[PDB]
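Just one chain follows, in the form deposited in one PDB entry, and it is written as structure tokens.
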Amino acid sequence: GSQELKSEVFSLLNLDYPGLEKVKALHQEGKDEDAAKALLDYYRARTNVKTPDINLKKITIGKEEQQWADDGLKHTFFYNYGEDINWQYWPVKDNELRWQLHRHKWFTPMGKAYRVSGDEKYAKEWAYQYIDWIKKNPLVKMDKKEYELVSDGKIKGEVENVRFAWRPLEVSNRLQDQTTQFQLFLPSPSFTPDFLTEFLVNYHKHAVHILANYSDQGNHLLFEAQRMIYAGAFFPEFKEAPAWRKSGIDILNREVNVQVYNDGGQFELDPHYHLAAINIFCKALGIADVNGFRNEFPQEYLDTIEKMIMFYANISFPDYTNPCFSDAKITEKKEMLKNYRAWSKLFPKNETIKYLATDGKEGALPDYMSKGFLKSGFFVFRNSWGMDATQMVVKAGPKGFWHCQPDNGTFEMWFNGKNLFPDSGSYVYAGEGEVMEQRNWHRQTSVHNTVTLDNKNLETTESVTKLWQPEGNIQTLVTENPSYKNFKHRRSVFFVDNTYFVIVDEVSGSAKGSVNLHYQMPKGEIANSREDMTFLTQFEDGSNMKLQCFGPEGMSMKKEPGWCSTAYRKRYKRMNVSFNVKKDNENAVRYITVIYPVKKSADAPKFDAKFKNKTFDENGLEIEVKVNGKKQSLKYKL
């Protein structure tokens, strides 16, 4: 091949590393060819270095992955880039295509294809393309005053190429992925000693480049730091490897303290972005942990990640799905089981992560049921952790950012296997034009389970928790949001007898207009009575509910088409119901809503509800509800 003995590799290595004794001896004598041979011997016999990305005892290849691998064999890269590979090949002006090419997305497919098929064509070809990329993509620099005077050509093109081949985004991707390529191809005779020295010199150059080019902020900085830990954990024989690990750890530790509330919730208030953050922080912890470097992480980092996991476990439903608040789609059970299995290896003394990883075969659930997160603004009522549970998750928190929607007070509710109050969801993640109109539709306050004034989006999103009482046969949340100028919305949620919910909405202030109490119904056949202000699902036996709203004289009800989305660019029709009251003076507007889950619709009880205090009380509430004629008082003092 075109690989050559890069004897400068030996100066990059800690030649006192255990197992490198013959490398060190040969290098000291100037026998660098024999030293390179001994170095390959060392890596082939190594031993205490693995990655979570691959199990060399369980290598598989997918159908598209075999397809990318076979294309790679013919220089088609996941276009045909020629026999003499044109790494700058531009058929049309496409910067995105040029950057994507330098991710080498087909190298690892060829590795897997090499191991599963067992024939050297994949390893031969990859060695060639690996070296050829090194040769045709040098990392160079030029003065800007000279760059402007140079004309187009090989020297100018090489300098401009650096913007594409060595952008930190792609460089850090290769830092991680090449640990997979290394493990897959190392047994091959094409993986010669000279090639090894080329691989390590190139790899080291990538790590040094990232250290010099860390992003200022964002998820990109997290991935750079995580992959610097990859570099230093997978090649701890580099002199600089402990420094690379420490660099990445310090960054991740600092950023998790900026991003995560003390109760464990990530500050975007978005379950999907919360889970993505867990996984960045755990992938870093995992590569270190499996290679003996767990102790390099500060204890506060371990504790914070464990709190993020417990936060996610709490706001999830017993079927492992998450509420679709903010921009969150549903992450399904198969993916979450894989997540809990990985997390349980990282926190093996956490008995709840173990329970969730094993679906209850081992481990233990927490010694609590309902649970509140007072900094993040998420509140969970539950009568069980299992598939028979009744569970509500209420979102009523501080201001968020891009993903968070104006939905303070909204909730999802899940009963005995089915989500009966799903969020309208995200639907459109990003776009322009008509799709942007649909993204904003789903962000409206009026397409959530909360209160609006004239159906307007909340002007302020900054909930205050007045009371949180998670224990007993009456559990209570009281939250208040100054939703509009001269308008305060106090929502009281009672979870009664571990069975049903009573939601009291009280709007105070001098603001006038139409007060709208919105509920977004589940999909399917739902019976309603305008006379009684009742809604009763007509679903298959197992998970049903009855909702009834009790309001002042003259309350009206309106049903409009609405939408629910659990996956991006997919949505289904369901009813958007509002209970509307004309607020034409300074008196408060007050509602009581009963929500009662039942397995069979025919068993849904009759309700009544009344305020005992006929005037709004800034410092308390007392109501009386009836269930099949049986009285229950619900009250609190603030």
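The first residue of the sequence shown is number 1, and the count goes up from there. Whichever C-alpha set is largest while still superposing within 1.5 Å between the two forms counts as the rigid core.
According to the record, the deposited sequence contains 4 to 9 residues between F78 and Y79 that were left without coordinates. Per-stretch averaging of Cα B factors for 407-415 and 469-477 places 469-477 on top. Two stretches are in play, 499-507 and 326-334, and the higher mean C-alpha B-factor belongs to 326-334. Residue-level inspection of the entry shows that, of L56, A36, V598, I592, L56 has the top Cα B-factor. Take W106, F347, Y519, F311 and read off each C-alpha B-factor from the entry; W106 has the highest. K630: CA B factor in the highest third of modelled residues in this chain (values from the PDB entry). In the deposited entry, the Cα temperature factor of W68 sits in the top third of values across the chain's modelled residues. The deposited CA B-factor of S376 belongs to the lowest third of values across its chain.
Among all modelled residues in its chain, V393 ranks in the lowest third by Cα B-factor.
Ranked against the other modelled residues of its chain, the C-alpha B-factor of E240 as given in the entry falls in the lowest third.
One more form of this protein, deposited in another entry, exists but is not displayed; see below.
In a core superposition between this form and the one not shown, the Cα of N613 is the only one among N55, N613, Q28, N48 shifting by 2 Å or more.
Once the rigid core is used as the reference frame, the Cα position of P189 differs between this form and the one not shown by less than 2 Å. After superposition on the rigid core, the Cα of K582 moves by less than 2 Å between this form and the one not shown. Relative to the superposed core, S11 undergoes a Cα shift smaller than 2 Å between this form and the one not shown. Shown here is a form in which the CA atoms of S151 and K135 lie at least 3 Å farther apart than they do in the other form.
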